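Note sheet for the following structure.
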Amino acid sequence: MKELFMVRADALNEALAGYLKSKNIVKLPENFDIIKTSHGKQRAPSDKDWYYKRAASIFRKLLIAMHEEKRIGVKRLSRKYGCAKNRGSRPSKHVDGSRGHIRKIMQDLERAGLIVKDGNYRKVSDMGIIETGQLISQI
Amino acid sequence: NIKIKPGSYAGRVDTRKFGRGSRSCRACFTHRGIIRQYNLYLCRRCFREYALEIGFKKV
Amino acid sequence: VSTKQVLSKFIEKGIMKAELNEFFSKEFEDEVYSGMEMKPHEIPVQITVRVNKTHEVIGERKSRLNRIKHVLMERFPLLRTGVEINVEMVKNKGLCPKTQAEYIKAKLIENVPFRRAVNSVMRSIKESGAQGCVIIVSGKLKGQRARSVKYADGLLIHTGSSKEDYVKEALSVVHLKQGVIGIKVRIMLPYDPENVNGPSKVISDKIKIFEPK
Amino acid sequence: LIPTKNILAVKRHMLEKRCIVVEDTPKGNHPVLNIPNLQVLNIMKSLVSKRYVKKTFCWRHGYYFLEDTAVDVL
Amino acid sequence: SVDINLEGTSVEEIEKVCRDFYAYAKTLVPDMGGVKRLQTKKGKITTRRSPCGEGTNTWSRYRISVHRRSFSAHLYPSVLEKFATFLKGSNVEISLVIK
Amino acid sequence: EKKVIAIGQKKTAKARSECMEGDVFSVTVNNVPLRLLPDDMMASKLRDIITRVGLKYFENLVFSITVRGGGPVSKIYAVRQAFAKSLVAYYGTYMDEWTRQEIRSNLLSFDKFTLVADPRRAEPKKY
RNA sequence: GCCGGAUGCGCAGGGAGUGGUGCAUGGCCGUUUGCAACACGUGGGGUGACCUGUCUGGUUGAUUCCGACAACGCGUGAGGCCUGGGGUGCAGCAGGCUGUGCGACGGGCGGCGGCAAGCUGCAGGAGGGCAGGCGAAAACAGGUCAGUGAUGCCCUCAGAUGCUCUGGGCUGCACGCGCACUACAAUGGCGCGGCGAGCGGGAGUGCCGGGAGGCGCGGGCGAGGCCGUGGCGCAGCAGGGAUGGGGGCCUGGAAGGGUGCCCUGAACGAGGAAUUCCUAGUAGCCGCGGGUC
Ligand SMILES: [Zn+2]
C-alpha cells in the first residue's frame, strides 16, 4: 500500500476517525469520557472525540503492519499507546497503555468487516483496503 | 468452611522453598552472593577460582 | 532458538569438570596430581588424569580406578551413560608446577627446612630444561610472624598472550602444627615446536632473521 | 538411634559397591538406597570413626570408599 | 533431509572439524551445502573481584562464546551413520535432526 | 532495468537507497515522499544535497530510501549519506564516469560525511 | 523443640560453632598504580656500607629511546601482546550471519633536533593519544576467620556459643554525615496524533476488567523522547509529589513489600562555608536491559 503514505498522516486520521463516527461502526463504551487511557497518564483525554481519533490511529497501525507484512495484536499495540509514568520521587519509568479499551475498539472493527482474523492474529481485510481507497483518494 | 493450610502448626508446608536460603553455593555451603545466572549456582567468591576452568575467558 | 539454552548446557559440562578436577586433587593427594583434561561431548566421556605414578593409581589391577569410576557414574547425570578414565604420567615431572608444588609440601610435612626444599626444586626445574621458575612460600615459617619468601631466577614473563601459554602456575596449601602455609610454583616453559615440552607458537616479541649468503 | 534395618541395608550395599552421600539433609530418599539421608551419613560417620571406610569430600558431596584392606575383615 | 548441527566453544578446533568433514563430504556428494556458521551465542558474567568490601568497584568480566556450524543435505541413513562415526574423534558437540 | 543499492550510516542508524531510472525525480524515504516528510530537518538535509549537486543531475532518478535503527537525528545523517552514495553509484554504473568524479569531488568538498561514513560511534566508558 | 555428644574401657577424645583473634595464617582482593620502576652475570670505584651498570643533556605515557660514558651484556615491567571497535579482499551460508586475511607503521612531506631519538603542521586516508584485558619487584601489621569440607590457637559443647521451629529485630529515631533520586517549572507541564534505539535476540495472543490484574491457547520483543497540535499561562499554579485517608489487586504460608484507583498537595522560588566529576559521540540530559529476584 504505497498510496497510504502519499497523503499526510494526521490529515488521514480525522478523515479516518470522522469516517468511523459517521458510519457508526465503532461504539463508545459507557465510561468513555473518563478513561485514563494508561496508568501513567495523569488526566483523561481532553478531546471529546478522542475515542474515534484513537480508532483511526489503531486502524492505521493495522494498516501499516499489513504493509510491513506483519501481524499485530492488542497487547503489543498497547505498548505503542503507553506513556512515561511520573512515578513520584522515583525515575519516570515507561508504562504500557490501557489494553481494555483497545480490545473493544478492535472488536468493533471486526463487526464492520474491516478487520478479519487470521489464525489468532487479526488482519486487515479487503474491505478495509477498499474503504481506505476512497478516503485517500479524497485527501 | 475455610481451607486450612496444609503443613505445620504455622501456615507453610515446607520451608526452604523461597528466597535466599533455599539456594546455596554448590561449592562452599554459603547463601551469600550466588550466581544463578546461566544455571551456575556457585557463589561470587568461588566463581573466580573456577571461571577459566569452565571455559570462561577474561578478555 | 534460545541463546540461554545453549550456553547453559556447555557450562554444565564445564561445572562438572571443575568439580571433577577438584575431586581428583583430594582423591590423589597421597600421589602427585598434575591436573586432568576431559573430552565430554562424545557418548563415551574420556577422562585423562595426570599423576606422576601410573602403576599405583590404577590400583589392585584396575580395581580402585573402576571403583572411583563407579561413584562418578552415580554423581553426574550429565553423560551418566559412558565414562572412561585412564591415567597418564607427565613426560617431564619438573615442568609441571603442581608436581613441584606437592613435592615441597611433602618436605614441609617432614619438617625439612623450606630453604633446603626450595633450592632442590628450582635446581631440578632448571636441569629439566625449563626457562624460569619463581617459588613463593607464604606462611609462619620462622616464629609467629608470617613472611612471604620468594625465590626466583630466569626469564619469567608476566604480561602478554604468551603468559597463558608459557607460564603454568600452581598452588598447594600445607597444614602444619603452626598454621597454614601456601606454596605457589610458577614455571616458565621452554619453546619447542612439538608441544610435549612447551608452546608451539613463539613469544610475540621474539623474531627470526634468515641469513644472506 | 536408627533401626538396624537400614543400617545393614547400606552395609550390605557397601560390600559390593561404594556409595556417596550429599550433605543435603532436608533432601530425603538417597538416589541409590531410598532412605533418609541424615540416617545414612551418621553410620558411615561411625564407620570412619571405627576406621573402616575412607571419606573424600568435594563440592557438597562426600565420596566414601571402602578400601580392599578392610573388605575381607567384613 | 539431514540437519547436521554442531556447536563448540573453541574456534580453532571447530574449524578443523568442519574442514575435514567437508573433505569427507565432497567425497560423498557435490550438492552438499557449504558450512554455514550461525550466530556465535555468547554470554558474559560480571563479578566483583574482592571477597569483601574494602576495594573500589573492581569488576571482572568473564565471557563464554559457543560457535555454531550447520550442514544440510538429503542422504541415505547408512551415509548418516558413517558421517556419525567420522565425528566422534572431535570434541565438538554433535546433534542431528532428520526432519 | 537499471538499479543500484548503496548504504550510508550514522551511529547505529543504517540506511539503504535504491536509485532507478524512473519517470520523474522522486525521493521516497522510508516509503514516505520527500514533500510529505513530517520531520523538516529530514527533508532539508536531503534538499541541500539536491541544491549542492543541482537538480539537472537528478533528471529521472527515483530514490526509494529506507532507514532503520538509531534515533531521530542519526536517521537524518544516515539517509543523507545513503542518498548521495547511491547517487554517485548510479553514475558509476549507468552513466558517464567523469561526471561521477565531478559529482564526488563536489560532495567531498561540500561535506566529508555525505559520501564517507562518520567513524564516530557510541564509545562508552566503563564504570 | 532436636542431639549430626562419633568413637576407646561416668571418663577419655573427636566433631561442631556467622564464638574470639585478618596483630597467628593460606588464598583472594584493595592501595602505592590513574605508577615507572626492579634485578642479575661479569668488570670497575671504595677498607666498608654502598656506588657505577640504572646517566650530563635531549626525548617518551614508559629506566621509551637517542647519545655521551668504567662499564659491558642481559631480564622482568613498559612495549610487543590479547579482545572489542570502525574500512574492504576473498570464501561460506541465510534488525543478515562468521571464517580468513588485508589495512597504520608515525610511513610520506614541510619546519625544528641532528649519528639523533623525536617533536610539530599538512596531505593521503575509514582511521593518526579508540575502549578494555593481562599487568614487575617491594611493601601495608590494608580488608576478609561472616565465601569455604582453607586453617593454627583460645573459648563453648546439654539449661549448648550446635542445629531447627515460631515470633520480634537487622526497616526502631531529639540528632550528625556520605552517596544518589525527584524537583523548584514556560528551554516547562499536561492531552491527543505522527515518527521512533542498542545491549539483550523466549512471548506473544484471544477473552474479561475502568485500571492494576485475571483466564485460556501458545515459536517469539522495543524506550524515554522528538515532531505536529490543543489546553494551562508565571501563579507555591495543571510546578513539585512529600505525607496521609479510603477502596482494588499481585507475590507469598505470612505484608512493613510491590502495583493500581480516588482524594489530601508538605518543604522546595536556585541552595552558606565548602566540595566532586569531566576533553567528543565525551560531560550532561534521557530511557532500556542484565546481576540480585
Ligand atoms: Zn562458593
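Residue numbers (the numbering used here), protein chains in the order written: chain W, 18 to 156; chain C, 254 to 312; chain U, 260 to 472; chain X, 11 to 84; chain P, -19 to 79; chain S, 17 to 143. Cβ coordinates follow ideal geometry from the N, Cα and C atoms, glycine included.
Determine the burial state of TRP69(X): buried for a count of at least 16 other Cβ atoms within 10 Å of its Cβ, exposed for fewer. Translated into positions along the fourth sequence, residue 69(X) becomes position 59. Taking all protein chains shown into account, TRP69(X) has 16 or more neighbouring C-beta atoms within 10 Å of its C-beta and is therefore buried.
Relative to chain P, which residues along the segment 292 to 313 of chain U have a C-beta separation below 7 Å, given in chain order? Answer set for the segment 292 to 313 of chain U: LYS298, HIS300, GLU301.
Between which two residues does the alpha helix (DSSP H) harbouring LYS422(U) extend? The residue labelled residue 422(U) in the question sits at position 163 within the third sequence. According to the DSSP assignment, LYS422(U) belongs to the alpha helix (DSSP H) that extends over 421 to 425.
Taking 8 Å as the CB-CB cut-off, is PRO54(S) touching chain W? Here residue 54(S) refers to the residue found at position 38 of the sixth sequence. It does: the Cβ of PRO54(S) has a partner Cβ on chain W nearer than 8 Å.
With H, G and I counted as helix, E and B as strand and the rest as coil, what does DSSP make of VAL20(S)? The count along the sixth sequence starts at 1 and reaches residue 20(S) at position 4. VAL20(S): strand per DSSP, three-state reduction.
What residues in its chain sit with their C-beta under 6 Å from that of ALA280(C), if we drop five residues either side in the sequence? Position 27 of the second sequence, counted from the start, is the residue given in the question as residue 280(C). These residues qualify, in order along the chain: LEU295, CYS299.
Got a sec: is the Cβ-Cβ distance from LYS79(P) to anything in chain U below 8 Å? As a first step, residue 79(P) is located in the fifth sequence; it is residue number 99 there, counting from the start. Cβ-Cβ to chain U under 8 Å: no for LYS79(P).
Short-range partners of chain W found in the segment 17 to 50 of chain S, where Cβ spacing is below 7 Å: If the cut-off is 7 Å between Cβ atoms, the segment 17 to 50 of chain S has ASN47, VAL48, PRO49 near chain W.
DSSP bridge partner residues for residue 8(X) (one or two, in chain order): The structure shown does not extend to residue 8(X), since chain X is modelled only from 11 to 84, so the question has no answer here.
Could you tell me the boundaries of the alpha helix (DSSP H) in which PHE51(P) lies? As a working mapping, residue 51(P) is identified with position 71 in the fifth sequence. Run containing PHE51(P): none in the alpha helix (DSSP H); it sits in the beta strand (DSSP E), 39 to 53.
Taking CB distances under 8 Å as the criterion, tell me whether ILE(-6)(P) reaches chain C. Position 14 of the fifth sequence, counted from the start, is the residue given in the question as residue -6(P). Contact of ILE(-6)(P) with chain C is not assigned, every C-beta pair being separated by 8 Å or more.
Under a criterion of Cβ closer than 6 Å to any non-hydrogen atom of ligand 1, which residues qualify, in chain order? Any heavy atom of ligand 1 counts here; residues with a Cβ closer than 6 Å to one of them, in chain order, are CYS278(C), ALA280(C), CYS281(C), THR283(C), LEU295(C), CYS296(C), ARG298(C), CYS299(C).
Which chain C residues sit within Cβ distance under 7 Å of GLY33(P)? Your numbering for residue 33(P) matches position 53 in the fifth sequence. Residues of chain C with a Cβ closer than 7 Å to the Cβ of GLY33(P) do not exist, since the nearest Cβ in that chain sits about 12 Å away.
Among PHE51(P), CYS32(P), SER45(P), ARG41(P), nearest to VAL9(P) - alpha-carbon criterion: Along the fifth sequence, one-based indexing puts residue 9(P) at 29. With distances taken between Cα atoms, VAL9(P) lies closest to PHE51(P).
Limits of the alpha helix (DSSP H) - the one that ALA72(W) falls within: The residue given as residue 72(W) occupies position 55 in the first sequence. Note, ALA72(W): alpha helix (DSSP H), 67 to 84.
Below 7 Å CB to CB, which residues in the same chain sit around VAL308(U) once its five sequence neighbours on both sides are set aside? Reading the third sequence from its first residue, position 49 is the one you call residue 308(U). Answer for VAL308(U): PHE283, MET295, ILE344, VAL346, listed in chain order.
To the nearest angstrom, report how far apart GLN403(U) and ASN378(U) are at their CA atoms. Against the third sequence, residue 403(U) aligns to sequence position 144. Against the third sequence, residue 378(U) aligns to sequence position 119. The alpha-carbon atoms of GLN403(U) and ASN378(U) are separated by roughly 24 Å.
Tell me, please, whether the segment 26 to 46 of chain X touches the segment 447 to 459 of chain U by the rule of three or more beta-carbon pairs shorter than 8 Å. Judged by Cβ distances under 8 Å, the segment 26 to 46 of chain X makes no contact with the segment 447 to 459 of chain U, as fewer than three pairs qualify.
Which residues in the same chain as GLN49(X) place their Cβ atom closer than 8 Å to its Cβ, once the five residues preceding and following it in sequence are excluded? Position 39 of the fourth sequence, counted from the start, is the residue given in the question as residue 49(X). In chain order, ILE12, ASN16 place their CB closer than 8 Å to the CB of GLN49(X), counting only its own chain and leaving out the 5 sequence neighbours on each side.
Does the segment 347 to 364 of chain U come close enough to the segment 328 to 335 of chain U that 3 or more CB-CB pairs lie under 8 Å? The segment 328 to 335 of chain U and the segment 347 to 364 of chain U do not touch, with fewer than 3 CB-CB distances between them shorter than 8 Å.
Report yes if the C-beta distance between residue 200(U) and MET275(U) is below 8 Å; otherwise report no. No answer is possible for residue 200(U): the residues shown for chain U start at 260 and end at 472.
Spatial neighbours of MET381(U) in its chain, beta-carbon cut-off 8 Å, leaving aside the 5 residues before and after: Locating residue 381(U) in the third sequence gives position 122, where the first residue counts as 1. In chain order, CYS392, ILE394, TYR410, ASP412 place their CB closer than 8 Å to the CB of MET381(U), counting only its own chain and leaving out the 5 sequence neighbours on each side.
With DSSP run on the structure shown, which of helix, strand or coil describes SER275(C)? Walking along the second sequence from the start, residue 275(C) turns up at place 22. In this structure, DSSP gives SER275(C) a state outside helix and strand, which the three-state scheme calls coil.
Give me the chain P residues within the contact set of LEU266(U), using Cβ-Cβ distance strictly less than 9 Å, ordered along the chain. Working through the third sequence from its first residue, we reach residue 266(U) at position 7. Chain-order list of chain P residues neighbouring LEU266(U): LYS21, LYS22, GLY23, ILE44, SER45, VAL46, by C-beta distance under 9 Å.
When you compare the segment 46 to 61 of chain W with the segment 267 to 278 of chain C, are there three or more beta-carbon pairs, one atom per stretch, that lie closer than 8 Å? A contact is defined here as three or more CB-CB pairs under 8 Å, and the segment 46 to 61 of chain W fails this definition with respect to the segment 267 to 278 of chain C.
Start-end ranges of the alpha helix (DSSP H) lying completely within the segment 353 to 438 of chain U, minimum 4 residues: DSSP runs (the alpha helix (DSSP H)) wholly in the segment 353 to 438 of chain U: 356 to 368, 373 to 385, 421 to 425.
Along chain X, in chain order, which residues have C-beta atoms closer than 8 Å to that of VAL346(U)? In the third sequence, the residue the question calls residue 346(U) occupies position 87. Going along chain X, no residue has its Cβ under 8 Å from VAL346(U), so there is no contact; the nearest lies around 17 Å.
Pick out whichever of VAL104(S), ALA59(S), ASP64(S) has its Cα sitting closest to the Cα of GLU118(S). Taking the sixth sequence and counting its residues from 1, the one referred to as residue 118(S) is at position 102. Comparing Cα positions, the closest option is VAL104(S).
Taking 8 Å as the threshold (beta carbon to beta carbon), is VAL380(U) in contact with chain X? Locating residue 380(U) in the third sequence gives position 121, where the first residue counts as 1. No - not a single Cβ of chain X is within 8 Å of the one on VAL380(U).
Per DSSP, the bridge partner or partners of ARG32(S): Position 16 of the sixth sequence holds residue 32(S). Bridge partners of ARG32(S): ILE23(S), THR82(S).
If we cut at 8 Å on Cβ distances, does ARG285(C) have a partner in chain X? Mapped onto the second sequence, residue 285(C) falls at position 32. No Cβ of chain X is located within less than 8 Å of the beta carbon of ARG285(C).
Could you tell me if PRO299(U) is buried or exposed, where buried requires 16 or more neighbouring beta carbons within 10 angstroms of its beta carbon? Locating residue 299(U) in the third sequence gives position 40, counting from the first residue. Buried.
Straight-line gap, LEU152(W) to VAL24(W) (C-alpha atoms, nearest Å): Working through the first sequence from its first residue, we reach residue 152(W) at position 135. Working through the first sequence from its first residue, we reach residue 24(W) at position 7. Rounded to the nearest whole angstrom, the C-alpha separation of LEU152(W) and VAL24(W) is 10 Å.
Report buried or exposed for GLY35(P), applying the criterion of at least 16 other Cβ atoms within 10 angstroms of its Cβ. Reading the fifth sequence from its first residue, position 55 is the one you call residue 35(P). By the Cβ-count criterion, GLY35(P) is exposed, with fewer than 16 other Cβ atoms from all chains shown falling within 10 Å of its own Cβ.
Which of helix, strand or coil DSSP assigns to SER63(W): Within the first sequence, the letter at position 46 stands for residue 63(W). Note: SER63(W) maps to coil in three-state DSSP.
Chain-ordered residues of the segment 45 to 72 of chain X with a beta carbon less than 8 Å from chain U: The segment 45 to 72 of chain X vs chain U, Cβ under 8 Å: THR66, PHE67, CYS68, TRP69, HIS71.
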